[PDB]
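Single chain ahead, written as structure tokens, the form deposited without SN-glycerol-3-phosphate.
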């Protein structure tokens, strides 16, 4: 029925050597019996630790970002670096970066294209803000976003890409997002891929939900056709992240 689920933990701009250890021991000791890809996206600074600490065979490490070329860009970290370092997963185009870091669709397509081409598994993020949503621009918005990334990939390139649909509109505006709402957004994406690339890609594609996921609503979300996992913010710094993996079958 569904492709391999992913359980993605987005640690953001948080952490501490002591706290992150604790969790790592917890994750490690978790028992997972089903086919699931677990991913821990940590700050660049903590990659080393998580890298040589995560014992769990169901878990890989991710970078929350990068640039495509090494060079003169003080403060930044590129793919070549990451690649040498031993990280083959990366999250790009997250709403937080889109919002405060200059990240345009044109910029996200380039990062993505760069990453894939250099070998990386990518969790390319997309989603519409409350503004776009209320003004009836959800379909124009997501299709544009996913169109832009597509414009750079070849059909074969899809094997390296995952999509995380973020309900920006419902991310800290005081709104809720129902599973029927998630589903529609996912369904859009699925559709477009199916229609513009091939049903063969579409059926293999993973579309993650990047909204507000906790231990309770994890399953009700997963229970929906086009929800192939999650990209978790808050509950990923917490033990309930384990519940989140369990909820993916």
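Numbering follows the first chain given and starts at 1.
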Averaging CA B factors per stretch from the PDB record, which one is higher: 46-54 or 204-212?
46-54
On mean C-alpha B-factor from the PDB entry, just flag whether 140-148 or 82-90 is the higher one.
140-148
In this PDB entry, which of 116, 77, 125, 99 has the top CA B-factor?
116
Residue selected from 33, 223, 64, 180 by maximal Cα B factor:
33
Taking the entry's C-alpha B-factors for this chain, is residue 245 in the lowest, middle or highest third?
lowest
Report the third (lowest, middle or highest) to which the CA temperature factor of residue 187 belongs, ranking only the modelled residues of the same chain.
lowest
Select lowest, middle or highest to describe the third in which the CA B-factor of residue 234 falls within its chain in this entry.
lowest
Grab the CA temperature factor for residue 153 from the record and place it in the lowest, middle or highest third of its chain.
highest
Just say lowest, middle or highest third for the CA B-factor of residue 129 relative to the other modelled residues in its chain.
middle
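Note that the form deposited with SN-glycerol-3-phosphate bound isn't included here; everything after this is about it.
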Steric status of site, SN-glycerol-3-phosphate superimposed as seen in the entry with it bound, threshold 2.4 angstroms to backbone or C-beta:
open
Of the options 30, 212, 43, 37, which one has a non-hydrogen atom that comes within 4.5 Å of SN-glycerol-3-phosphate in the entry with it bound?
212
Answer key: of 161, 82, 170, 146, within 4.5 Å of SN-glycerol-3-phosphate in the entry with it bound (heavy atoms) is 170
Decide whether residue 15 counts as a contact residue for SN-glycerol-3-phosphate in the entry with it bound under a heavy atom distance cut-off of 4.5 Å.
no
Should residue 157 be classed as touching SN-glycerol-3-phosphate in the entry with it bound when contacts are defined as heavy atoms within 4.5 Å?
no
According to a 4.5 angstroms non-hydrogen atom cut-off, is residue 228 in contact with SN-glycerol-3-phosphate in the entry with it bound?
no
Wondering, does residue 76 line up within 4.5 Å of SN-glycerol-3-phosphate in the entry with it bound on heavy atoms?
no
190-198, 22-30, 212-220, 50-58: which one contacts SN-glycerol-3-phosphate in the entry with it bound at 4.5 Å, heavy atom to heavy atom?
212-220
When SN-glycerol-3-phosphate is considered in the entry with it bound, the residues of 226-249 having a heavy atom within 4.5 Å of it are 231, 232, 233, 234
